[PDB]
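Just one chain is shown here, as structure tokens, and it is the form deposited in one PDB entry.
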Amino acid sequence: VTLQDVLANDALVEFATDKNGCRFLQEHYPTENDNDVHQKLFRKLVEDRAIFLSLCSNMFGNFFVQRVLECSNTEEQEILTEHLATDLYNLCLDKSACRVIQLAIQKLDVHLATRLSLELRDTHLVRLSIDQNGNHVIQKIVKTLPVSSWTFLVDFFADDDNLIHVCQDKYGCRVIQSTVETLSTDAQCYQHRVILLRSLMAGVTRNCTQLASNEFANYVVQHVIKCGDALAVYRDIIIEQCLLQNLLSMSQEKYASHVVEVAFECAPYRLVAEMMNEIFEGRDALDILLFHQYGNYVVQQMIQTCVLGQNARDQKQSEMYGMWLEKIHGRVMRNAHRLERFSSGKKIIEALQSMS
């Protein structure tokens, strides 16, 4: 069995759609673009546009299309880009063909991959971003191509309704986070990515209460708070304008209590002190959270924040961390008999008894 038999029998489809036949095609396809067998196999692949797209959508044929993409030059890439463009939206939703698309974003010349990226603008961008296959195509574009090739995505997610529908989705929350990560990492003299990030993050902070409460978008809100210097201004905006004056309610929520936790873990001192003051100065708020099924984890993070903050340098901050830790220690010791009956109050006591 040779490749010359495959060409003479006109049996590219039969080999490519078979598991062992495609592996034979992958291993023996000549890599050089001026090889005669290479050109004859490439012609058989792209002569019939419908045959090519069916091979892209085939469980085994897509691996051969990917191999052709790896060895492709600019002339071959021009033909492949034209074929993929005619059915690009459905190829991004297909289980096999989205892997052809994802490799094409990496492998094609940037102006060819930019053509495929920009073609998605007039399609259904929410349906792409939430598809089990399509969300990987969007993230591949964002992580690989220059921002000029996908700036329409930033404009699209600047609408609050688009952002909420995508960010609350199981897969779309990854799409929002990958866009945020790419725009927030660098530096740039004129800060074009900074301005683009500000447009995207404005929707995040406007709808942060709904997003922190959501089963999937709470991960995105946590990422902004936990990120560090890249998203530090947006972390502080989220804490000041959403979390403050709502800490008692959010610490009692199934998903938003995780947001309150990472805020206590990562806020600057000036915001930690406002958060501590809200809990302590309004059965008070600390008593509610100590016995709460979600709020007890917030108290445990409040304890760990004060334990680490005692070893700070400011020494006026370090006094306040000890003052807050002792105030938690006083309230736990008063209610220790009731707290010991459950694992939540036991873990709080075990954290306090490691020191005293």
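C-alpha atoms forming the largest set that superposes within 1.5 Å between two forms make up the rigid core. Note that residue numbering follows the sequence shown and begins at 1.
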| query | finding |
| --- | --- |
| Between neighbours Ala187 and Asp186, residues that the deposited sequence lists but the model omits | 1 to 3 |
| Continuity check for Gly282 and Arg283, given as deposited residues lacking coordinates between them | 4 to 9 |
| Greater mean Cα temperature factor according to the PDB record, 252-260 or 89-97 | 252-260 |
| 271-279 versus 137-145 - greater average Cα B-factor per the deposited record | 271-279 |
| Residue, from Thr31, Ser57, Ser318, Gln26, that the PDB entry assigns the highest Cα B-factor | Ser318 |
| Residue selected from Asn311, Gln66, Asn35, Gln300 by maximal Cα B factor | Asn311 |
| Record-listed C-alpha B factor of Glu82: chain third | lowest |
| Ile328 - which third its CA temperature factor falls in, relative to the rest of the chain | highest |
| For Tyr190, the third of its chain into which the C-alpha B factor falls | highest |
| Third assignment of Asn296 from its chain's C-alpha B-factors | middle |
| Third of the chain, ranked by Cα B-factor, where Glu181 sits | lowest |
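Just so it is clear, the following notes concern the form deposited in another entry, a form of the same protein that is not shown.
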property	result
Exceeds or equals 2 Å, Cα of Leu339 between this form and the one not shown, core fit	yes
Rigid core superposition, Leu7 Cα moves 2 angstroms or more between this form and the one not shown	no
